[PDB]
Amino acid sequence: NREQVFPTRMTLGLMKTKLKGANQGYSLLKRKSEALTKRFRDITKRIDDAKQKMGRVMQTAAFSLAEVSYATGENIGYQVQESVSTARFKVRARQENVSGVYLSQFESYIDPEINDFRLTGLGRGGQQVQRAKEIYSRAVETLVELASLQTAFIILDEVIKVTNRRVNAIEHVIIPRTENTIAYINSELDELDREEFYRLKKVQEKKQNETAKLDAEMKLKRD
Amino acid sequence: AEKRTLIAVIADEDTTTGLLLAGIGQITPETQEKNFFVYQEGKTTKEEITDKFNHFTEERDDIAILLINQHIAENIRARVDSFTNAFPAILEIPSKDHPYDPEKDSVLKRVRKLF
Amino acid sequence: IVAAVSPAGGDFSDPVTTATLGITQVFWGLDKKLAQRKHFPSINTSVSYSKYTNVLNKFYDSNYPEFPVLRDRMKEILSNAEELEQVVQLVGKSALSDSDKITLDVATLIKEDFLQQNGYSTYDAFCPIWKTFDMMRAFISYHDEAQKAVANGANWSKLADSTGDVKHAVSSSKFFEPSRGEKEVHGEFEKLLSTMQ
Amino acid sequence: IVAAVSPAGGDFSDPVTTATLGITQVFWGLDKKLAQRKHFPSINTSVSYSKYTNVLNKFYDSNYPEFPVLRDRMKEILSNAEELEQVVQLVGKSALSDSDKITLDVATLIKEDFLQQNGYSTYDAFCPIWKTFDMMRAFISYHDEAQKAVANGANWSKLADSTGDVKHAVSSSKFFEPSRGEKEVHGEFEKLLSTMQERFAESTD
C-alpha cells in the first residue's frame, strides 16, 4: 500500500477526513449508479419498443409513398428532390435534467417561413400526396425523439460505467490507501511519542536519583 | 452537439422519397451539399457507404441524426457497430422489400447484449 | 485582554491554543485555507463562536437588530452553504436545484461582499457597524428576494441575466466613508430592490 | 566509501536513512517490491538520485557517450509512464492516447530489457559501458522512430504489429557476447531503423 515516513498529527486528520468524505462520495456515486442503471434500463426497453415501432413506421411511410405514387403517376423523386432547399423541418438541441443526469434531448422545429409542398399538374391527387406527407411528418419525427432516447441511453450507460469505475477506485483502492496511510502515521506518531516519553521517564528518573543523592547527603550531614 | 440541427439520410428510394416529402431534406446553398441521397443496394458501393458514414459522423459538426435503411445498414454493420459515440444517434429502420431485423441493428444489438 | 497564539501551520493541535481554549471568553479562528489562497483575512466558518454573544445581543437590544438577530440568520446561510458546498464539490455544477444555485451564489456573495476587508486600501481600511449591517442587510435582502422569486416560479438563469447592477451595488455597500451617507445608501438599495420586481 | 544501512522495514524515517542521506553526495536505494518477486536488482526511479551526476556526465563525455541525455529522457519516460500508470489505475487503459500507450510500452521495455539484469546469468551478470550506452542509444532510436511513426498517423498497436522482430531483437541485447561484436549490435540497431523504414513502406500500402 502507500506509507508516508514523515507525519505530524494534523496530516492524520486530513487523511481521515478525506477518507470518510471519499467514502460518502462513494455512497453517492453508488446510489447514482443504481438510479442511472434503472433509468438506462427503462430507456433500453423503450429503445427496443421504439425499434419495433420504427419498423412498422417505415412500412407505413413506404405504403404512403406507394399510395402517392399510384395517385400521381408523375415522377415524385424528381420534383421532390428539386423542391429541396432549406429545412422546413429542423431540430433543436436542448438540455434536460433527468434524475440527476443532464441529457441532450431533441425538439422538432417547424420553420413557418418555408411553405408546404405544392405539386403542380397533380391537382386533387396532389392533396392526397400532401396527406401522405403528413403521415411521414407524424411518424419519423416521433422516431427522432426515440432516437434521442437511444443516444442518451448509450451515454447513460457510459457515464454509469464511469460511476462504477469510481466505485471501483473508492472500494479497494482509495479506502485501503487511506487505511494504510492512517495506520502507518499512527504507528510512527505513537512510536515517536513513546520515544519522547522514554526521554521524559529517563529525565524524571534522573531527577529522582539526584534527589536520592541529596537525601543521602542530608543523611551524611546528619551523621 | 448544440450545432447539430440537421438530419442526414442514407436509404432506398421509397424511404428517401417519404422522408424528403416530410420536409427533413435540406441543401446548403454555399457548399452545394445535400442532406439526402437516394441509395441502391446493387449500385452503391460499400466503400462509398463507409465514406458517407465516416463523413456524416465525424467530418460534419452539424449532423444531429443519421437515418439508415436496415438493408443498407447490414452491409456496413461493422462500421455501425464500430460507432459508439452518442452523437449522431443511431436508429436502424426498415425499407421496401426489406423488413426491420432487430438483431441487425448494430447499436440495438449492443444494447441487447447484457440486457 | 487581547491574546494571539502562534500555532505552526494552522494546526488545531497547538498546545498554546489547546491551553488557551479552556480559558478565553472569545475565540476568533483563522482558516489556513482562506489565508494561503491569497484571500482577505481568514475566518473559519464553523469554528468561530462567542459565548458573550447572548450578553452582546442583550446590549444590542437597545441598538436593535440588523444584524443582532440577523447574525443567526447569516450563520444559517453560511453554515447551510457550507453543507451545500461540501456536497457540491463532490457533485459539481451538473446536478443541482434552484435553491442550491441561489445558495452557492449566496456563499460567493457573502464571501465577496461581507467577509472581505482590505487594510492596505484607503477606502476598505475599515467599515462601520452600521455600514457592515447595511451590506449584510443588502445581502439578506437580495437572498430572501431570490428565495421568494424561486417560489414564484422564476428560473435562475433569467434572474441572473436580469440584474447585473444589484450585485456590484450590494458588494460596495461596505463603507467607504461612514456614517453620514448610510440612510441614502439604504434608500438607493431599497429602491433598487423595489425596482427589481 | 560504500556503506550499507539496514533500516527497520525499509523506512526512510529511521535515523540511519536520514543520517546517511544527510552527508552523502550520492545515494543508491534498494526496493523490496521487485526483490520479493524474485525479479532482478530493484532500484526506485522515484527515489535514487546522485549529486555527482553532473561531473559524471562531464566524465562520460570523455568517451563521447550521452549519460545526461539518455538518463533524463529515460527518467522523463519513467515519470510520464508512472503518471500514466496512476491514470490507467484510476480510469482505465482505454482512456489514454497512442503516445501515452507508447510511453507505457517503452516503460515495460526499459523495465524488462534494461534495468533488470540477471547476476547469475553468464551474460547479464556484468554490463560494459559500451554495451549499456549502445543499448540506451538503440532504445532511444527505436523510441524516436516509433514516436515519429505515430506522428505519421499510424496507431501504436498497428505499429506494434509488424515491430515484433525489433522488439525481440531489443529484448535479445541482454545476452550478446564478449568485447568482440559490438559492431553487430550497432548494426542490428541500424537494421532496426531500416526495419522501421520497411514498415513505413508497408503502411503505404
# chains A, B, ... in the order shown; residues from 1 in each chain; ligands from 1

$ residues_around --residues "residue B:74" --least-positions-apart "2" --cutoff "12 Å" --atoms "only C-alpha atoms" --output "ChimeraX atom specification"
/B:11,41,46,49-50,68-72,76-81,92-95,98-107,109

$ select_by_dssp --residues "chain D" --states "helix (DSSP H, G or I)" --output "PyMOL selection string"
chain D and resi 8-10+15-23+53-60+67-90+98-115+129-150+156-159+164-171+182-203

$ residues_around --residues "residue A:103" --least-positions-apart "3" --cutoff "12 Å" --atoms "only C-alpha atoms" --output "list in words"
residues 36, 40, 93, 94, 95, 96, 97, 98, 99, 100, 106, 148, 149, 150, 151, 152, 153, 154, 155, 156 and 159 of chain A; 1 and 86 of chain B; 94 and 95 of chain C

$ write_last_selection --atoms "C-alpha atoms" --output "PDB file, in the first residue's frame"
ATOM      1  CA  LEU A  36     -28.816   5.645 -13.664  1.00  0.00           C
ATOM      2  CA  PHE A  40     -30.977   3.294 -18.643  1.00  0.00           C
ATOM      3  CA  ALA A  93     -30.793  20.588 -29.122  1.00  0.00           C
ATOM      4  CA  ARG A  94     -31.931  21.123 -25.533  1.00  0.00           C
ATOM      5  CA  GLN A  95     -30.590  20.347 -22.062  1.00  0.00           C
ATOM      6  CA  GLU A  96     -32.794  18.447 -19.622  1.00  0.00           C
ATOM      7  CA  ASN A  97     -32.031  17.399 -16.052  1.00  0.00           C
ATOM      8  CA  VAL A  98     -33.223  13.807 -15.707  1.00  0.00           C
ATOM      9  CA  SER A  99     -32.847  12.014 -12.373  1.00  0.00           C
ATOM     10  CA  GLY A 100     -29.533  13.768 -11.796  1.00  0.00           C
ATOM     11  CA  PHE A 106     -34.079  16.857 -29.459  1.00  0.00           C
ATOM     12  CA  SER A 148     -32.616  10.805 -28.728  1.00  0.00           C
ATOM     13  CA  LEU A 149     -33.749   8.395 -26.023  1.00  0.00           C
ATOM     14  CA  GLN A 150     -31.380   5.879 -27.605  1.00  0.00           C
ATOM     15  CA  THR A 151     -28.340   8.151 -27.689  1.00  0.00           C
ATOM     16  CA  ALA A 152     -29.000   9.426 -24.188  1.00  0.00           C
ATOM     17  CA  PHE A 153     -29.365   5.809 -23.076  1.00  0.00           C
ATOM     18  CA  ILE A 154     -25.988   4.903 -24.564  1.00  0.00           C
ATOM     19  CA  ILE A 155     -24.276   7.804 -22.849  1.00  0.00           C
ATOM     20  CA  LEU A 156     -26.247   6.941 -19.704  1.00  0.00           C
ATOM     21  CA  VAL A 159     -21.381   7.537 -17.659  1.00  0.00           C
TER      22      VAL A 159
ATOM     23  CA  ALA B   1     -23.931  18.862 -30.064  1.00  0.00           C
ATOM     24  CA  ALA B  86     -23.732   9.240 -28.565  1.00  0.00           C
TER      25      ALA B  86
ATOM     26  CA  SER C  94     -24.153  19.290 -13.205  1.00  0.00           C
ATOM     27  CA  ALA C  95     -26.959  18.229 -10.856  1.00  0.00           C
TER      28      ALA C  95
END

$ select_by_dssp --residues "stretch 8-199 of chain D" --states "strand (DSSP E or B)" --output "list in words"
residues 26, 27, 49 and 50 of chain D

$ interface_residues --of "chain D" --to "chain A" --cutoff "7 Å" --atoms "only C-alpha atoms" --output "PDB file with N, CA and C atoms, in the first residue's frame"
ATOM      1  N   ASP D  11      12.144   1.830   6.021  1.00  0.00           N
ATOM      2  CA  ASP D  11      11.571   3.162   6.172  1.00  0.00           C
ATOM      3  C   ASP D  11      12.652   4.235   6.215  1.00  0.00           C
ATOM      4  N   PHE D  12      12.414   5.331   5.500  1.00  0.00           N
ATOM      5  CA  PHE D  12      13.357   6.446   5.459  1.00  0.00           C
ATOM      6  C   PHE D  12      13.282   7.292   6.726  1.00  0.00           C
ATOM      7  N   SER D  13      12.283   7.014   7.559  1.00  0.00           N
ATOM      8  CA  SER D  13      12.116   7.722   8.824  1.00  0.00           C
ATOM      9  C   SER D  13      13.134   7.260   9.863  1.00  0.00           C
ATOM     10  N   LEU D  90      -6.443   4.574 -12.350  1.00  0.00           N
ATOM     11  CA  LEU D  90      -7.570   5.416 -11.957  1.00  0.00           C
ATOM     12  C   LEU D  90      -8.801   5.102 -12.801  1.00  0.00           C
ATOM     13  N   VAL D  91      -8.705   5.377 -14.099  1.00  0.00           N
ATOM     14  CA  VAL D  91      -9.821   5.170 -15.014  1.00  0.00           C
ATOM     15  C   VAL D  91      -9.698   3.832 -15.730  1.00  0.00           C
TER      16      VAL D  91
END

$ residues_around --residues "residue D:150" --least-positions-apart "3" --cutoff "8 Å" --atoms "only C-alpha atoms" --output "list in words"
residues 98, 99, 146, 147, 153, 154, 155, 156 and 159 of chain D

$ closest_residue --among "C:19, C:91, C:56, C:3" --to "chain A" --atoms "only C-alpha atoms"
C:91

$ interface_residues --of "chain A" --to "chain C" --cutoff "7 Å" --atoms "only C-alpha atoms" --output "ChimeraX atom specification"
/A:10,25,100-102

$ write_last_selection --atoms "N, CA and C atoms" --output "PDB file, in the first residue's frame"
ATOM      1  N   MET A  10      -1.873  16.446  12.360  1.00  0.00           N
ATOM      2  CA  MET A  10      -2.838  17.172  11.545  1.00  0.00           C
ATOM      3  C   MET A  10      -3.045  16.439  10.222  1.00  0.00           C
ATOM      4  N   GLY A  25     -18.788  10.076  -0.725  1.00  0.00           N
ATOM      5  CA  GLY A  25     -18.841  10.309  -2.157  1.00  0.00           C
ATOM      6  C   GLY A  25     -19.011   9.011  -2.928  1.00  0.00           C
ATOM      7  N   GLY A 100     -30.909  13.452 -12.122  1.00  0.00           N
ATOM      8  CA  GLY A 100     -29.533  13.768 -11.796  1.00  0.00           C
ATOM      9  C   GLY A 100     -28.659  13.949 -13.018  1.00  0.00           C
ATOM     10  N   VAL A 101     -28.835  13.079 -14.006  1.00  0.00           N
ATOM     11  CA  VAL A 101     -28.008  13.140 -15.206  1.00  0.00           C
ATOM     12  C   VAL A 101     -28.532  14.210 -16.156  1.00  0.00           C
ATOM     13  N   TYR A 102     -27.640  15.063 -16.649  1.00  0.00           N
ATOM     14  CA  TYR A 102     -28.032  16.087 -17.610  1.00  0.00           C
ATOM     15  C   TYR A 102     -27.922  15.522 -19.020  1.00  0.00           C
TER      16      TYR A 102
END

$ closest_atom_pairs --of "chain B" --to "chain A" --cutoff "6 Å" --atoms "only C-alpha atoms" --output "JSON lines"
{"residue": "B:2", "atom": "CA", "partner": "A:93", "partner_atom": "CA", "distance": 5.5}
{"residue": "B:5", "atom": "CA", "partner": "A:91", "partner_atom": "CA", "distance": 4.6}
{"residue": "B:14", "atom": "CA", "partner": "A:62", "partner_atom": "CA", "distance": 5.6}
{"residue": "B:18", "atom": "CA", "partner": "A:65", "partner_atom": "CA", "distance": 5.9}
{"residue": "B:21", "atom": "CA", "partner": "A:133", "partner_atom": "CA", "distance": 5.5}
{"residue": "B:22", "atom": "CA", "partner": "A:137", "partner_atom": "CA", "distance": 4.9}
{"residue": "B:23", "atom": "CA", "partner": "A:89", "partner_atom": "CA", "distance": 5.5}
{"residue": "B:24", "atom": "CA", "partner": "A:89", "partner_atom": "CA", "distance": 5.2}
{"residue": "B:25", "atom": "CA", "partner": "A:87", "partner_atom": "CA", "distance": 5.9}
{"residue": "B:26", "atom": "CA", "partner": "A:86", "partner_atom": "CA", "distance": 4.5}
{"residue": "B:27", "atom": "CA", "partner": "A:85", "partner_atom": "CA", "distance": 4.7}
{"residue": "B:86", "atom": "CA", "partner": "A:151", "partner_atom": "CA", "distance": 4.8}
{"residue": "B:89", "atom": "CA", "partner": "A:151", "partner_atom": "CA", "distance": 4.9}
{"residue": "B:93", "atom": "CA", "partner": "A:55", "partner_atom": "CA", "distance": 5.6}
{"residue": "B:94", "atom": "CA", "partner": "A:55", "partner_atom": "CA", "distance": 5.2}
{"residue": "B:100", "atom": "CA", "partner": "A:55", "partner_atom": "CA", "distance": 5.2}

$ residues_around --residues "residue D:178" --least-positions-apart "3" --cutoff "12 Å" --atoms "only C-alpha atoms" --output "PyMOL selection string"
chain D and resi 122-124+126-128+130-131+174-175+181-185

$ closest_residue --among "C:167, C:155, C:196, C:116" --to "residue C:35" --atoms "only C-alpha atoms"
C:116

$ residues_around --residues "stretch 72-81 of chain C" --least-positions-apart "4" --cutoff "10 Å" --atoms "only C-alpha atoms" --output "list in words"
residues 45, 46, 67, 68, 85, 86, 87, 88, 100, 102, 103, 104, 105, 106, 107, 108, 110, 111, 136, 137, 139, 140 and 143 of chain C

$ closest_residue --among "A:181, A:8, A:120, A:1" --to "residue A:193" --atoms "only C-alpha atoms"
A:8

$ residues_around --residues "residue C:179" --least-positions-apart "6" --cutoff "12 Å" --atoms "only C-alpha atoms" --output "PyMOL selection string"
chain C and resi 126-134+173+185-186

$ decode --residues "stretch 143-160 of chain C" --atoms "N, CA, C and O atoms" --output "compact mmCIF listing (two decimals), in the first residue's frame"
# COMPACT_ATOMS: atom_id res chain seq x y z
N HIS C 143 -30.94 37.92 -1.13
CA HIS C 143 -31.09 36.48 -0.91
C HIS C 143 -32.53 36.07 -0.61
O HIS C 143 -33.05 35.14 -1.22
N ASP C 144 -33.17 36.76 0.33
CA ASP C 144 -34.56 36.45 0.67
C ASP C 144 -35.46 36.72 -0.53
O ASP C 144 -36.44 36.01 -0.75
N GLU C 145 -35.12 37.75 -1.31
CA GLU C 145 -35.86 38.08 -2.53
C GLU C 145 -35.64 37.05 -3.64
O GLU C 145 -36.54 36.79 -4.43
N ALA C 146 -34.44 36.47 -3.69
CA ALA C 146 -34.16 35.42 -4.66
C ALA C 146 -34.91 34.15 -4.29
O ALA C 146 -35.45 33.45 -5.16
N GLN C 147 -34.96 33.85 -2.99
CA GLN C 147 -35.68 32.69 -2.47
C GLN C 147 -37.18 32.84 -2.67
O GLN C 147 -37.89 31.86 -2.90
N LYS C 148 -37.66 34.07 -2.55
CA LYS C 148 -39.07 34.36 -2.76
C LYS C 148 -39.41 34.27 -4.25
O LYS C 148 -40.48 33.78 -4.63
N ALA C 149 -38.48 34.73 -5.08
CA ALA C 149 -38.64 34.69 -6.54
C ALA C 149 -38.61 33.26 -7.07
O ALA C 149 -39.24 32.95 -8.08
N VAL C 150 -37.87 32.39 -6.39
CA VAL C 150 -37.81 30.99 -6.76
C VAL C 150 -39.14 30.30 -6.46
O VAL C 150 -39.51 29.33 -7.12
N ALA C 151 -39.85 30.81 -5.46
CA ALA C 151 -41.15 30.26 -5.08
C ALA C 151 -42.27 30.88 -5.91
O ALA C 151 -43.43 30.50 -5.79
N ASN C 152 -41.90 31.84 -6.75
CA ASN C 152 -42.85 32.50 -7.64
C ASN C 152 -42.83 31.86 -9.02
O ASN C 152 -43.63 32.22 -9.89
N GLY C 153 -41.93 30.90 -9.22
CA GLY C 153 -41.85 30.19 -10.48
C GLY C 153 -40.83 30.76 -11.46
O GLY C 153 -40.90 30.47 -12.66
N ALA C 154 -39.90 31.57 -10.97
CA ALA C 154 -38.89 32.17 -11.83
C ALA C 154 -37.61 31.35 -11.84
O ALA C 154 -37.19 30.82 -10.81
N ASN C 155 -36.99 31.24 -13.01
CA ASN C 155 -35.78 30.44 -13.17
C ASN C 155 -34.55 31.15 -12.61
O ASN C 155 -34.63 32.31 -12.20
N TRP C 156 -33.42 30.45 -12.61
CA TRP C 156 -32.17 31.01 -12.09
C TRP C 156 -31.44 31.84 -13.15
O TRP C 156 -30.92 32.91 -12.85
N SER C 157 -31.41 31.33 -14.38
CA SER C 157 -30.65 31.95 -15.46
C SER C 157 -31.19 33.32 -15.86
O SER C 157 -30.42 34.29 -15.97
N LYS C 158 -32.49 33.41 -16.09
CA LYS C 158 -33.12 34.66 -16.49
C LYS C 158 -32.99 35.71 -15.39
O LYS C 158 -32.77 36.89 -15.66
N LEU C 159 -33.11 35.26 -14.14
CA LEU C 159 -32.99 36.14 -12.99
C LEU C 159 -31.55 36.63 -12.83
O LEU C 159 -31.31 37.74 -12.38
N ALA C 160 -30.60 35.77 -13.20
CA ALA C 160 -29.19 36.11 -13.11
C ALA C 160 -28.78 37.08 -14.21
O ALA C 160 -27.92 37.93 -14.01
